[PDB]
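File shown here: structure09.txt, holding compact mmCIF, C-alpha atoms.
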```txt
# COMPACT_ATOMS: atom_id res chain seq x y z
CA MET Q 1 0.00 0.00 0.00
CA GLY Q 2 3.09 2.30 0.50
CA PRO Q 3 6.96 2.25 0.37
CA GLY Q 4 7.24 0.16 3.61
CA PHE Q 5 5.05 -2.62 2.14
CA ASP Q 6 7.03 -2.25 -1.17
CA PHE Q 7 10.39 -3.07 0.55
CA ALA Q 8 8.75 -5.89 2.62
CA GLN Q 9 7.22 -7.47 -0.54
CA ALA Q 10 10.60 -7.29 -2.39
CA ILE Q 11 12.22 -9.28 0.49
CA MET Q 12 9.36 -11.81 0.73
CA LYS Q 13 9.22 -12.53 -3.04
CA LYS Q 14 12.95 -13.43 -3.38
CA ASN Q 15 14.44 -14.16 0.09
CA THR Q 16 11.87 -16.37 1.93
CA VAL Q 17 11.06 -20.09 1.91
CA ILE Q 18 8.56 -22.14 3.92
CA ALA Q 19 10.57 -24.22 6.46
CA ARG Q 20 8.92 -27.24 8.18
CA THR Q 21 10.47 -28.95 11.24
CA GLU Q 22 8.83 -31.38 13.76
CA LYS Q 23 7.82 -28.18 15.71
CA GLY Q 24 5.77 -26.69 12.76
CA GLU Q 25 5.86 -24.48 9.63
CA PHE Q 26 7.94 -21.25 9.84
CA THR Q 27 8.69 -18.29 7.58
CA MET Q 28 12.46 -18.64 6.89
CA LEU Q 29 14.63 -15.70 5.69
CA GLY Q 30 17.43 -16.57 3.20
CA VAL Q 31 20.35 -14.11 3.69
CA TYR Q 32 23.05 -15.12 1.13
CA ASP Q 33 24.37 -18.25 -0.68
CA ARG Q 34 22.55 -21.26 1.01
CA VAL Q 35 22.46 -19.55 4.47
CA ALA Q 36 19.09 -18.81 6.14
CA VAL Q 37 17.78 -17.95 9.64
CA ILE Q 38 14.90 -19.39 11.74
CA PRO Q 39 13.86 -19.07 15.43
CA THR Q 40 15.91 -21.46 17.61
CA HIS Q 41 12.64 -22.91 19.05
CA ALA Q 42 12.04 -24.43 15.54
CA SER Q 43 14.56 -27.15 16.77
CA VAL Q 44 16.26 -27.65 13.35
CA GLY Q 45 17.66 -31.20 12.89
CA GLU Q 46 19.74 -33.05 10.25
CA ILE Q 47 16.77 -32.87 7.76
CA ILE Q 48 14.28 -29.98 7.17
CA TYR Q 49 11.46 -29.46 4.58
CA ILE Q 50 12.01 -26.33 2.37
CA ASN Q 51 8.87 -25.54 0.24
CA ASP Q 52 7.85 -29.23 0.92
CA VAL Q 53 11.23 -30.58 -0.45
CA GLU Q 54 13.27 -32.91 1.85
CA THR Q 55 16.58 -31.01 2.39
CA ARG Q 56 19.78 -31.97 4.26
CA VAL Q 57 21.01 -29.43 6.85
CA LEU Q 58 24.77 -28.92 6.21
CA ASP Q 59 25.25 -26.82 9.41
CA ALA Q 60 23.00 -25.27 12.11
CA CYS Q 61 24.19 -22.88 14.86
CA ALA Q 62 21.98 -21.53 17.73
CA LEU Q 63 23.49 -18.06 18.39
CA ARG Q 64 24.26 -16.81 21.92
CA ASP Q 65 25.86 -13.49 22.95
CA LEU Q 66 29.29 -13.32 24.65
CA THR Q 67 27.52 -13.38 28.10
CA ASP Q 68 26.38 -16.92 26.86
CA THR Q 69 22.70 -15.68 26.75
CA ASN Q 70 20.24 -17.07 24.14
CA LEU Q 71 19.63 -14.79 21.06
CA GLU Q 72 16.82 -17.10 19.66
CA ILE Q 73 18.40 -17.02 16.12
CA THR Q 74 19.57 -20.28 14.45
CA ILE Q 75 21.72 -19.88 11.29
CA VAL Q 76 21.15 -22.80 8.90
CA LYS Q 77 23.18 -23.80 5.85
CA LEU Q 78 20.88 -25.75 3.46
CA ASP Q 79 21.89 -28.47 0.92
CA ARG Q 80 19.85 -26.55 -1.71
CA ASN Q 81 20.63 -26.39 -5.48
CA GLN Q 82 20.07 -22.59 -5.67
CA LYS Q 83 21.54 -19.53 -3.85
CA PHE Q 84 19.55 -16.68 -2.22
CA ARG Q 85 19.92 -13.13 -3.43
CA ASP Q 86 22.58 -11.59 -1.11
CA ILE Q 87 20.68 -9.11 1.21
CA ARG Q 88 23.45 -8.67 3.84
CA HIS Q 89 23.81 -4.95 2.83
CA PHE Q 90 20.20 -4.45 4.22
CA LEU Q 91 21.22 -5.67 7.74
CA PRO Q 92 21.83 -3.12 10.54
CA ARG Q 93 25.33 -2.96 12.01
CA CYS Q 94 24.21 -1.95 15.57
CA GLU Q 95 21.35 -2.43 18.09
CA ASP Q 96 18.75 0.34 17.48
CA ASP Q 97 15.12 1.52 17.76
CA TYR Q 98 13.09 1.99 14.53
CA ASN Q 99 9.99 3.75 13.21
CA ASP Q 100 7.25 2.35 10.96
CA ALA Q 101 8.14 -1.37 10.64
CA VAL Q 102 6.26 -4.17 8.76
CA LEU Q 103 6.12 -7.81 9.89
CA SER Q 104 5.72 -10.13 6.85
CA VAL Q 105 4.76 -13.86 7.00
CA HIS Q 106 4.43 -16.52 4.32
CA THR Q 107 3.18 -20.02 5.36
CA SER Q 108 0.41 -22.50 4.26
CA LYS Q 109 -1.71 -20.96 7.15
CA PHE Q 110 -0.82 -17.25 6.47
CA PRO Q 111 0.14 -16.70 2.78
CA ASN Q 112 1.17 -13.18 1.61
CA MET Q 113 0.55 -11.63 5.09
CA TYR Q 114 1.88 -8.07 5.87
CA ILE Q 115 1.26 -6.28 9.25
CA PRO Q 116 2.19 -2.60 9.85
CA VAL Q 117 3.43 -2.94 13.48
CA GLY Q 118 4.54 0.74 13.89
CA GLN Q 119 7.28 1.80 16.34
CA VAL Q 120 9.95 -0.81 17.30
CA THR Q 121 11.70 -0.48 20.74
CA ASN Q 122 15.20 -1.87 21.50
CA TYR Q 123 13.68 -3.80 24.45
CA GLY Q 124 16.82 -5.84 25.24
CA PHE Q 125 16.23 -8.52 27.90
CA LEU Q 126 13.13 -10.79 27.69
CA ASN Q 127 12.22 -14.00 29.51
CA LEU Q 128 10.95 -15.74 26.33
CA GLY Q 129 9.06 -18.98 27.13
CA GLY Q 130 11.14 -19.26 30.37
CA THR Q 131 14.51 -18.65 28.52
CA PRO Q 132 16.50 -15.43 29.33
CA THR Q 133 16.96 -13.81 25.86
CA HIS Q 134 18.93 -10.71 24.74
CA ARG Q 135 18.71 -8.28 21.74
CA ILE Q 136 14.86 -8.33 21.65
CA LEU Q 137 12.92 -5.77 19.59
CA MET Q 138 9.31 -5.05 20.74
CA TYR Q 139 6.25 -3.76 18.81
CA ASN Q 140 2.69 -3.10 20.05
CA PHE Q 141 0.75 -5.59 17.86
CA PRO Q 142 -1.17 -8.70 19.09
CA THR Q 143 0.85 -11.27 17.05
CA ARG Q 144 -0.37 -14.95 17.08
CA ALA Q 145 0.79 -18.55 16.63
CA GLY Q 146 1.87 -18.96 12.96
CA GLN Q 147 3.91 -15.68 12.73
CA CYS Q 148 7.23 -17.01 14.19
CA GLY Q 149 10.08 -16.48 11.71
CA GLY Q 150 8.16 -13.53 10.18
CA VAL Q 151 10.51 -10.88 8.75
CA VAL Q 152 10.60 -7.41 10.38
CA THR Q 153 11.63 -4.63 7.93
CA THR Q 154 11.69 -0.86 7.62
CA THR Q 155 12.27 0.92 4.26
CA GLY Q 156 15.79 -0.20 3.29
CA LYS Q 157 16.49 -2.44 6.36
CA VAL Q 158 15.86 -6.08 7.43
CA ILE Q 159 16.02 -5.69 11.23
CA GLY Q 160 14.69 -8.91 12.89
CA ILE Q 161 12.70 -12.16 12.85
CA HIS Q 162 9.49 -12.61 14.95
CA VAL Q 163 10.10 -15.08 17.88
CA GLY Q 164 7.12 -14.50 20.28
CA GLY Q 165 4.35 -12.42 21.84
CA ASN Q 166 2.35 -11.89 25.09
CA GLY Q 167 -1.10 -11.23 23.45
CA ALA Q 168 -0.66 -7.37 23.34
CA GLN Q 169 3.03 -7.07 22.24
CA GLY Q 170 5.19 -8.96 19.68
CA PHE Q 171 8.93 -9.65 20.02
CA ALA Q 172 11.62 -10.11 17.35
CA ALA Q 173 15.29 -11.22 17.58
CA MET Q 174 17.68 -8.63 16.06
CA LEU Q 175 19.52 -9.42 12.85
CA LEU Q 176 23.00 -7.83 12.78
CA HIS Q 177 25.41 -7.68 9.81
CA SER Q 178 28.14 -9.30 12.06
CA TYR Q 179 26.17 -12.62 12.29
CA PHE Q 180 26.75 -13.23 8.50
CA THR Q 181 30.43 -12.37 7.86
CA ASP Q 182 31.79 -15.40 5.82
```

What would the structure in this file look like if it were written as structure tokens?
Amino acid sequence: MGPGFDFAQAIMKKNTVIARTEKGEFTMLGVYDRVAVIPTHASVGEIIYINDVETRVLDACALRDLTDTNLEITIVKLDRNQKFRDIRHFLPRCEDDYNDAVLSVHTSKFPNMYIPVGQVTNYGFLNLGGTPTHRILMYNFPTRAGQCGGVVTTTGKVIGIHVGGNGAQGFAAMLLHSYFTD
């Protein structure tokens, strides 16, 4: 409907796949080459379904900060026959607050879904499902089951992936450029 939804759609149309684990279907953001991200609670194993294709996982790493605190991001390298468009130049370098963000989801349950979530706070610490978690972004939208892995964007930046909610607020894990230096 506007330039925010334009940037979000450009990311969804080229840089997302539907990932299925034993814990459900997730939006999955491809970042570069065969490297993607997913919430750590997806519990990625040796095999994952990518757009309903059985795919070997070549590597999977649950990120933690240097205080050894959960970040809720898992970086996956996929045994896929095709590379993602490289979007690392759209990743923030530092922790920040944002205006006018969109949360975008693409699953069997929620195809072509875009939510204007508004202002995004650098919230920091969250007890997420009982797990102390750092680098959390917060937005005042009542997000629901099915939106985990959703991509959070502003115009020109891919800033996070949706990892939870409390019924009134939604929470995303930061994406930082430094996670994807090769």

Shell of 8 Å around residue Q:169, all atoms listed in the file, local chain residues under 5 positions omitted, as a list in words: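 In the requested format, the answer is residues 138, 139, 140, 141, 142 and 143 of chain Q.
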
Name the residues in contact with stretch 154-165 of chain Q at a cut-off of 8 Å, using all atoms listed in the file, excluding same-chain residues fewer than 2 positions from it; report them as a ChimeraX atom specification. /Q:3-4,7-8,38-39,72,90-92,98-103,128,137,142-144,147-152,167-176

Tell me which protein, DNA and RNA residues are within 8 Å of residue Q:58, counting all atoms listed in the file, leaving out same-chain ones fewer than 2 positions away, and put them as a PyMOL selection string. chain Q and resi 46+56+60+76-79

Would you please work out which residue, of Q:41, Q:84, Q:109, Q:53, is nearest to residue Q:130 when using all atoms listed in the file? Q:41

Near residue Q:75, counting only C-alpha atoms, which residues have an atom at most 9 Å away, once you skip same-chain residues fewer than 2 positions from it, shown as a VMD selection string? chain Q and resid 35 to 40 59 to 63 73 77 179 to 180

Quick one: which stretch 88-158 of chain Q residues come within 8 Å of stretch 12-23 of chain Q, and what is the nearest atom pair for each with the distance in Å to one decimal, counting only C-alpha atoms, rows ordered by chain and ascending number, as a tab-separated table?
```
residue	atom	partner	partner_atom	distance
Q:104	CA	Q:12	CA	7.3
Q:106	CA	Q:18	CA	7.0
Q:107	CA	Q:18	CA	6.0
```

As an exercise, work out the distance from atom CA of residue Q:45 to atom CA of residue Q:70 in Å and give it to one decimal place. 18.2 Å

What is the distance between atom CA of residue Q:134 and atom CA of residue Q:28, in Å to one decimal?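 Spanning atom CA of residue Q:134 to atom CA of residue Q:28 is a straight-line distance of 20.6 Å.
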
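Comparing Q:105, Q:94, Q:57, Q:71 by their smallest distance to residue Q:125, the closest is Q:71 (using only C-alpha atoms).
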
Using atom CA of residue Q:123 and atom CA of residue Q:69 as the two end points, give the distance in Å to one decimal.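 These two atoms are separated by 15.1 Å.
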
Just checking: using all atoms listed in the file, which residue out of Q:126, Q:87, Q:145, Q:11 ends up closest to residue Q:110?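 Checking each candidate against residue Q:110, we get Q:145 as the closest.
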
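Distances from Q:9, Q:68, Q:82, Q:132 to residue Q:33 were compared using only C-alpha atoms, and the smallest one belongs to Q:82.
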
Please return the centre and edge lengths, in Å to one decimal, of a box with edges along x, y and z that contains all listed atoms of stretch 141-153 of chain Q, widened by 3 Å on every side, as lines of an AutoDock Vina configuration file.
```
center_x = 5.2
center_y = -11.8
center_z = 13.5
size_x = 18.8
size_y = 20.3
size_z = 17.2
```

Identify which of the residues Q:29, Q:108, Q:55, Q:96 lies closest to residue Q:74, counting only C-alpha atoms when measuring atom-to-atom distances.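 Among the listed residues, the smallest separation from residue Q:74 belongs to Q:29.
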